[PDB]
Amino acid sequence: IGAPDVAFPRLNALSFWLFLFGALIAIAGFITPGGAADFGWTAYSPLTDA
Amino acid sequence: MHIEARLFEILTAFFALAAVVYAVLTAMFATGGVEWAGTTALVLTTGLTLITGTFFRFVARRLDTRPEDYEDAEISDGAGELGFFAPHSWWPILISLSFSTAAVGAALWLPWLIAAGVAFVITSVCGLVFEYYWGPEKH
Amino acid sequence: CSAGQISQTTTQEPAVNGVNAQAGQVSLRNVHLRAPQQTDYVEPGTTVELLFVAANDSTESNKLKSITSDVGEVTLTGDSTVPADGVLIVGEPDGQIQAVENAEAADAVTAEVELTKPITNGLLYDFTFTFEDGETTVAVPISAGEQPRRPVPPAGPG
Amino acid sequence: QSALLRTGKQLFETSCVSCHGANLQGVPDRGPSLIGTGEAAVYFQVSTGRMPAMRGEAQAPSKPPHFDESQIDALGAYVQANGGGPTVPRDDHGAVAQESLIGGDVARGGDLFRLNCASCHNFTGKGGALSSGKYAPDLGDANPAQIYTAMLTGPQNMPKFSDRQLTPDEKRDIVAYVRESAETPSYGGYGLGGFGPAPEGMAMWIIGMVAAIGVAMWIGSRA
Amino acid sequence: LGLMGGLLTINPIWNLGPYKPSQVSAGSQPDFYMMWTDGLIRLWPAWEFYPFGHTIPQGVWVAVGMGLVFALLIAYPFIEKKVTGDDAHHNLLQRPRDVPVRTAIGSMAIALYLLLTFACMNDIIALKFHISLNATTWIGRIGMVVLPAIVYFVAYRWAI
Amino acid sequence: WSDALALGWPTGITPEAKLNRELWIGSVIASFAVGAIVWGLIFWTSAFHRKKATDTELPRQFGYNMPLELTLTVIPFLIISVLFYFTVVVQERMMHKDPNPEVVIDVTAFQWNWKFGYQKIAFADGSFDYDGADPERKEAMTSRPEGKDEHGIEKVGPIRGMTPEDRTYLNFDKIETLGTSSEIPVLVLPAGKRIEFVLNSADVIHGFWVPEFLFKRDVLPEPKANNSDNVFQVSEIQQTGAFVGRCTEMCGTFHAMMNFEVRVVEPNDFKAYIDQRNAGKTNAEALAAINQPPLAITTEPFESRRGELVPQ
Amino acid sequence: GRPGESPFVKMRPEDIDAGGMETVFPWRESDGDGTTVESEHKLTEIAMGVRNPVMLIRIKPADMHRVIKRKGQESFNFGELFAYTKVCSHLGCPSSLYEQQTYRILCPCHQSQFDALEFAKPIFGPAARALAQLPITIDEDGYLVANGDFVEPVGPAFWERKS
Amino acid sequence: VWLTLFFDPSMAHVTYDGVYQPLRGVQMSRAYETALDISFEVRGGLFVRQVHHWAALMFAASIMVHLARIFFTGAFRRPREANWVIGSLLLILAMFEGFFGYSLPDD
Amino acid sequence: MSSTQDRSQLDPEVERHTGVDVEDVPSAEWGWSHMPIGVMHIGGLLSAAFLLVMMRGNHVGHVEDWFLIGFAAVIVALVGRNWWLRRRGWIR
Ligand SMILES: CC(C)=CCC/C(C)=C/CC/C(C)=C/CC/C(C)=C/CC/C(C)=C/CC/C(C)=C/CC/C(C)=C/CC/C(C)=C/CC/C(C)=C/CC1=C(C)C(=O)c2ccccc2C1=O
Ligand SMILES: CCCCCCCCCCCCCCCC(=O)O[C@H](COC(=O)CCCCCCC[C@@H](C)CCCCCCCCC)COP(=O)(O)O[C@H]1[C@H](O)[C@H](O)[C@H](O)[C@@H](O)[C@@H]1O
Ligand SMILES: CCCCCCCCCCCCCCCC(=O)O[C@H](COC(=O)CCCCCCC[C@@H](C)CCCCCCCCC)COP(=O)(O)O[C@H]1[C@H](O)[C@H](O)[C@H](O)[C@@H](O)[C@@H]1O
Ligand SMILES: CCCCCCCC/C=C\CCCCCCCC(=O)OC[C@H](COP(=O)(O)OCCN)OC(=O)CCCCCCCCCCCCCCC
Ligand code: HEC
Ligand code: HEC
Ligand SMILES: *C[C@@H](COC(=O)CCCCCCCCCCCCCCC)OC(=O)CCCCCCCC[C@@H](C)CCCCCCCC
Ligand SMILES: *C(=O)CCCCCCCCCCCCCCC
Ligand code: FES
Ligand SMILES: [Cu+2]
Ligand SMILES: [Cu+2]
């Protein structure tokens with residue numbers, strides 16, 4: 111588009127780090143003894159209940 | 001910003017039509033009347049687009065045609081002082097880490113860690129917001 | 024991978040005194056001896072009960089329960105051919121609910137042993153349960169089902 | 072009771088026959104046999120909600136109960152009838168006794184708890200870690216009947232404390248100590264969990280040291 | 272410090288019964304300043320030697336480790352000057368970025384100390400953050416030689 | 027040719043399954059025609075290489091073909107509208123909801139196995155004076171006069187005045203063909219009759235799918251309260267024999283171990299089976315008595331062992 | 259846990275049930291209840307003995323076939339009763355955290371597991387020597403008594419050991 | 058100083074017989090008994106001992122932070138290696154004194 | 001413009025003539041700036057050796073040994089890559 115930078119370039123830096131760290135804690139369910147999320151990716155309701 | 005507003009106006013029209021037709025055809029011809037989940041979601045995405053498009057239309061009527069929005073505009077026309085764009089900053093990663101601490105505190109139901117993460121999020125957001133306003137040390 | 028193929032929770036025995044003997048088509052559950060002992064041993068010549076539950080696995085049945093006798097001369101009063109995709113509860117384990125409170129075939133196949141040999145709590149004593157399908161040694165324990173502590177005499181310091 | 076046994080069998084059939092066959096014999100390598108576990112074990116497990124477990128892992132976690140009090144009683148009665156075993160304590164009316172399980176003596180309960188319970192749980196009833204993926208849950212959520220039945224039966228990796236080993240009086244004293252330690256306010260400020268050294272060091276390094284360093288940055292200069 | 276003494280509970284001994292050799296608890300940690308020694312005890316891999324009719328238990332390993340830690344800490348400036356050659360009278364401080372190798376080494380040492388401290392706390396970490404106790408122990412064991420290297424490299428490059 | 031072109035769709039055993047298979051064949055024919063023409067277009071424009079004979083002259087550089095765009099945005103609408111009309115007419119026979127089912131099966135699916143109730147049987151030719159039990163549908167209204175507080179709360183219950191641990195939505199019957207982990211359940215149905223299935227889940231959502239019915243439904247915990255039409259009908263089952271059935275929604279860990287069978291037997295065989303089940307007998311015993319293999323012949327209750335490398 | 263009077267009471271095998279652990283101490287008839295002043299010092303010594311406390315564990319009969327025994331300790335167990343010192347073989351903390359259905363005696367001080375099924379040898383953590391196994395039996399009247407003394411020093415190891 | 062005005066170091070066994078009900082009649086060392094007396098029987102003794110322990114933790118933490126400051130800033134070079142050395146001895150002494158301090162009330 | 005340009009005379013003393029250069033580390037003259045690559049190579053080799061040796065111990069499981077092997081292999085691979093590249097003049 112001919113722009114020099116994005117509208118809020120400290121915000122897109124935050125977006126990447128929110129992506130990275132948010133992703134890591136999701137994958138981090140594996141290191142727990144029980145495992146990661148066993149329910150499907152869709153994560154239907156009663157199966158995801160406590 | 002005429003086209004920018006018109007995009008959201010078109011989206012709002014479509015989503016309003018979708019919400020209305022869904023609500024009607026679910027109030028009748030459904031097992032239990034109005035679904036109340038799809039209906040509300042469609043109504044409030046219509047609201048999303050309506051808010052954004054209304055603001056864009058207000059701006060379009062308040063603004064004279066910009067070089068960006070003007071066909072047959074030369075580069076020199078838009079040449080000038082662009083505004084402040086934040087240079088290098090390490091506050092975003094700290095905000096992300098603080099929010100991750102709060103998130104793990106929520107997942108592993110640890111109220112102490114939730115409180116610590118919220119305090120860190122407040123601190124990191126304060127740092128990011130004040131980054132370019134903190135004055136020199138007065139000694 | 025603490026939830027893999029070798030998992031603690033899945034590989035657990037019941038927290039009950041009776042042993043489990045799955046050998047043979049009919050599986051033995053909570054097999055123990057009710058032999059209340061007042062001293063070191065349960066003296067020979069005293070009858071003590073052999074509690075267990077025989078659960079049939081295959082519905083196609086092994087309801088014989090021929091002899092199930094070993095050193096001790098185990099006799100099966102009120103014997104019946106119960107196990108057919110079901111349970112045979114020989115006796116009344118401490119706390120057992122009288123689900124019927126009536127004489128259904130008199131006793132429910134109570135197994136009792138005249139020891140002919142001292143036994144004591146904490147030891148394992150081999151019993152050969154033999155159905156028409158086959159025979160299995162079980163190594164039954166002694167269980168004090170629901171009896172409270174017997175008062176130990178007070179100690180006189182010396 | 073006849074109808075209670077019928078209801079217990081009904082719930083068992085549509086809840087857990089996939090893990091202990093209709094005969095309650097343990098399904099090989101999915102669940103242990105319920106013969107002899109007893110009404111007490113059934114009550115503890117289902118009331119804590121721990122048991123209707125939807126995964127095989129290091130330890131079955133606790134979770135919201137999947138059956139109400141009457142249904143838990145039905146399950147327990149059915150399992151007691153099938154196997155026969157320990158029974159959950161009950162009061163004069165017939166309901167599961169909870170207040171009655173609060174032993175009068177609390178110093179004795181605390182000594183017994185420290186000798187036997189604190190071994191893995193904590194000084195004051197908090198949780199503790201175990202060999203590999205296991206853990207001892209914090210006792211703050213357990214009601215007196217659940218604590219008594221948890222002693223009476225060994226759910227998983229907890230030693231089974233028979234009545235002969237811990238007579239109902241000693242078990243009641245331990246229950247009283249557990250409840251007192253759970254409901255006792257922390258004297259001397261916010262009790263950082265119950266673990267002393269680790270929470271306290273973290274709180275130092277965060278609160279006290281951030282305060283000190285920020286105050287130093289305020290007072291001094293940057294250069 | 273007064274506000275902390277008021278609002279935060281520190282060492283509530285009343286919850287902790289009097290010492291008896293038989294009674295125990297799951298936590299069993301020292302204050303944070305000795306948590307690193309305790310974590311060294313936990314992580315060091317049970318290596319015992321048995322000379323002729325004698326034993327050299329795993330405790331001596333940690334004793335020697337602490338001896339080495341203190342010796343190196345006390346003798347660093349002399350080690351630093353032997354390594355670099357600096358025998359000049361220095362009255363102007365160096366920025367940690369301006370001294371990368373020393374900054375990298377300090378970061379590596381702090382990483383090792385933090386790893387040891389969290390290894391001592393591994394019991395409570397495993398309990399609260401649902402990680403296997405064996406998993407935390409072996410994370411500490413591997414990381415006490417991996418994390419120091421990672422932090423050294425990262426700190427050196429960060430300073431540059 | 028039809029079997030191969032069906033892309034591995036089993037030949038149905040019900041009129042609904044046959045009609046669905048025919049619709050699938052037609053839709054696959056249409057999809058393959060569209061794919062063939064589009065792939066032909068791609069592999070024919072791949073013949074527009076940069077010929078070395080192309081001198082310093084760029085291509086036609088046209089873009090922006092309004093009539094062609096209109097044609098190729100009109101025809102897809104026609105194709106999908108025809109497919110939608112066929113879809114609607116086929117859908118109409120998805121649940122005809124005939125108010126006179128010939129046999130009603132209460133399919134309650136709990137965590138990691140099935141149970142079939144035989145709620146009601148009413149043959150059109152005239153037979154089977156049979157009915158469901160429903161004494162055991164007992165509610166869990168937590169309507170105690172008072173709760174923890176001294177007075178005032180008089181709590182009724184969280185949901186519609188009841189507790190989530192209600193199970194009243196579940197229905198129970200005299201003849202229950204419960205499936206054990208070591209015994210695959212075999213729901214036996216009469217051939218040639220209309221079979222209704224009243225679908226429910228004891229604990230969690232999962233999915234009843236007989237692959238040869240060419241139809242699946244999701245047994246939900248409380249379909250009536252979730253506005254789900256769990257109950258669905260099958261007009262007929264022509265072919266007899268044993269047909270595998272599977273669980274087709276996430277159940278938990280043992281989601282792949284919920285296989286069952288729907289053994290379709292003759293009406294006289296069903297007479298004998300139901301009589302022998304009214305008499306104290308198990309499903310396997312009744313099957314053997316009617317001279318049909320007792321255990322599921324299309325599937326086995328495979329090992330409860332966590333896997334092959336587990337040390338028994 | 260009685261506060262002071264009769265702190266230690268004789269024990270019987272029936273008191274423990276499969277998958278149960280009990281901390282026991284070396285009580286003598288002479289070391290009667292704590293009522294007297296001569297007693298309540300012997301009893302205090304018993305309680306405060308570092309190497310005194312032992313854990314008596316009841317191995318399940320089903321799992322009795324997985325037991326592997328040490329040299330000179332094959333007959334130490336009384337049927338399905340195994341008595342192992344509570345003092346961890348590494349630095350001497352009590353190893354009280356007994357896990358049944360895994361038969362692992364875990365120490366909280368430094369997270370060392372000892373396999374109770376086999377002779378209580380360390381299968382994880384800093385410990386490298388097995389817990390000393392007490393020989394147990396039943397005397398007259400059926401009360402549990404020690405059938406001897408530890409065949410090895412029981413506390414944590416030291417230089418003059420293993421000879 | 059305030060703590061020593063109320064602390065009694067001894068293993069002499071005693072039954073509490075204090076105010077703290079959850080520990081009554083239990084054999085304990087006089088050290089533990091007097092620590093409990095500081096906590097409960099003495100006005101502000103709990104606060105004094107808590108601020109003492111918090112001061113110990115802050116002492117260790119601030120020593121560590123100061124060590125980091127000097128090490129990373131190179132304040133130990135030629136003129137001040139002796140200062141670094143004595144500071145390291147000070148840190149070791151602080152660690153071990155904190156060890157003995159939280160070991161004092163037999164717990 | 002409310003800042004004054006700084007100038008400093010740092011007492012210097022190796023003559024930073026065989027080792028790192030300002031082009032590679034801008035502040036080479038201002039402090040300890042280069043560790044011999046032999047130190048890092050030998051340290052990585054010893055770390056990998058320690059990880060491998062930690063396999064020998066009292067632990068029935070072998071997931072731990074496989075993790076040790078993986079990490080030691082990664083360390084050895086990194087050290088080998090660095091050594092080979094430096095030997096060949098940072099090629100490939
Ligand atoms: C030897 C050793 C370190 C072994 C490994 C064990 C270990 C520490 C594992 C990590 C722990 C974590 C972070 C678990 C969450 C799940 C997980 C691993 C997610 C992936 C990690 C990852 C790379 C995430 C990306 C984003 C990111 C950096 C997230 C970090 C989130 C967190 C938890 C930040 C804070 C770090 C933290 C406080 C960790 C716990 C450490 C300690 C010693 C807490 C002490 C403590 C405890 C334990 C209390 O209970 C308590 C109760 C009441 C008041 C105070 C406290 C208190 O201070
Ligand atoms: C200058 C100093 C400033 C210090 C701030 C002081 C904070 C004041 C807190 C409130 C007043 C005092 C409360 C005293 C009473 C009290 O103790 O408070 C409990 C609460 O406790 C919790 O849950 C935590 C709730 C979350 C809020 C408090 C978190 C503050 C932390 C973050 C401060 C330390 C800094 C750490 C930083 C960490 C980040 C590191 C990067 C409340 O009861 P409860 O909730 O039920 O505790 C359960 C028993 O019941 C049950 O048996 C038992 O078994 C347990 O389950 C127990 O939790
Ligand atoms: C700054 C400190 C951070 C640490 C730095 C060090 C980084 C190096 C990480 C080294 C990873 C080594 C992991 C191996 C560990 C190992 O060997 O143990 C295993 C368990 O595998 C696992 O999950 C391991 C997962 C490893 C995850 C790595 C986590 C990295 C995190 C901690 C980084 C975030 C740091 C955040 C810092 C916050 C700021 C602090 C201020 C098996 O246990 P077990 O449980 O007994 O399994 C039995 C079977 O064996 C048996 O078959 C079967 O029968 C079963 O029974 C099963 O139980
Ligand atoms: C990418 C490819 C990675 C590999 C992908 C395959 C992963 C499969 C893992 C688990 C599957 C579930 C089975 C779970 C059961 C384990 C299998 C088994 O049956 O083996 C028995 C022993 C305990 O049985 P035990 O009686 O107590 O002792 C026996 C006495 N002699 O476990 C063992 O040997 C452990 C062997 C299992 C493989 C090791 C997994 C860790 C790999 C870590 C790699 C990280 C590399 C780091 C890089 C930076
Ligand atoms: C490791 C040895 C061990 C000892 C000894 C022990 N516990 Fe536990 N405790 C555990 C473990 C492991 C669990 C987890 C059981 C489960 O999840 O099924 C547990 C669970 C519990 C629970 C359930 C709490 C809840 O909310 O679910 C209570 C209550 C409890 N224990 C109390 C006690 C009491 C009272 C004693 C009295 C001596 C005791 N424990 C002794 C380890 C132990
Ligand atoms: C495989 C999933 C699973 C299901 C679902 C399940 N169980 Fe269990 N059960 C187990 C496992 C595994 C154990 C042993 C480990 C544990 O309890 O965490 C166990 C143990 C028990 C115990 C304790 C046994 C003892 O000796 O202490 C009781 C009681 C019990 N189950 C009853 C029930 C009841 C009642 C239900 C239905 C409400 C049920 N279970 C559902 C697998 C299951
Ligand atoms: C059960 C077996 C079988 O599975 C495996 O063996 C796969 C193991 C893959 C290797 C995992 C190594 C651990 C991650 C190291 C990341 C770098 C750390 C140094 C920097 C701090 O294996 C198991 O026992 C468990 C298998 C599950 C492993 C899950 C690992 C999840 C990773 C998660 C903790 C996030 C990693 C953070 C990466 C940070 C790098 C980007 C910034
Ligand atoms: C243990 O209880 C969980 C076992 C999980 C089995 C599946 C293995 C997943 C591994 C994927 C890779 C993890 C992340 C890799 C980061 C480098
Ligand atoms: S003190 Fe027990 S293992 Fe170290
Ligand atoms: Cu399924
Ligand atoms: Cu299902």
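Sequence lines, in order, name chains R, Z, P, H, C, L, F, D and E.
Numbering-wise (the authors' numbering), the first sequence opens with residue 111 and increments by one.
Numbering-wise (the authors' numbering), the second sequence opens with residue 1 and increments by one.
FYI, in the authors' numbering the residues of the third sequence are 24 to 83, 85 to 182.
Numbering-wise (the authors' numbering), the fourth sequence opens with residue 72 and increments by one.
Numbering-wise (the authors' numbering), the fifth sequence opens with residue 272 and increments by one.
Numbering-wise (the authors' numbering), the sixth sequence opens with residue 27 and increments by one.
Numbering-wise (the authors' numbering), the seventh sequence opens with residue 259 and increments by one.
Numbering-wise (the authors' numbering), the eighth sequence opens with residue 58 and increments by one.
FYI, in the authors' numbering the residues of the ninth sequence are 1 to 13, 22 to 100.
Ideal Cβ positions, reconstructed from N, Cα and C, are used throughout, including at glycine.
- Straight-line measurement puts the Cα of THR101/P at about 6 Å from the Cα of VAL133/P.
- Counting along the chain, the unbroken beta strand (DSSP E) around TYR356/F starts and ends at 355-357.
- Restricting attention to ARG235/H, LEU76/H, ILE278/H and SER202/H, the CA atom closest to the CA of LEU274/C is found in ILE278/H.
- When 9 Å is used as the limit between beta carbons, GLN84/D is near these residues of chain C: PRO289 and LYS291, in chain order.
- One alpha carbon belongs to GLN302/L, the other to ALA315/L, and they sit about 8 Å apart.
- Chain-ordered, the residues whose CB falls short of 7 Å from any heavy atom of ligand 10 come out as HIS232/L, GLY233/L, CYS273/L, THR274/L, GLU275/L, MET276/L, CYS277/L, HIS281/L and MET284/L.
- Boundaries of the beta strand (DSSP E) harbouring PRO380/F: 379-382, taken from the DSSP string.
- Between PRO117/P and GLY107/H the beta-carbon gap is near 6 Å, inside 8 Å, which marks them as a contact.
- Take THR105/P, set aside five residues on each side of it, and the residues of its chain with a beta-carbon closer than 8 Å to its own are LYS87, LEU88 and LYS89, in chain order.
- Taking 8 Å as the CB threshold, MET68/D stays off the interface with chain H.
- Under the 8 Å Cβ criterion, the region 183-201 of chain L counts as touching the region 141-148 of chain L, having at least three qualifying pairs.
- Annotated three-state conformation of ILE179/L is coil, per DSSP.
- With 16 or more other Cβ atoms from the protein chains shown falling within 10 Å of its own Cβ, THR119/H counts as buried.
- Exclusion of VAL236/L from the 7 Å shell around ligand 11 follows from its C-beta lying no nearer than that to any non-hydrogen atom of the ligand.
- Each residue's CA atom was taken as its position, placing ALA145/H and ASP139/H some 10 Å apart.
- In terms of beta-carbon proximity, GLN365/C stays away from the interface with chain H, with every pair separated by 8 Å or more.
- In the structure shown, the three-state DSSP call for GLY330/C is helix.
- Secondary structure of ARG126/D (DSSP, three-state): helix.
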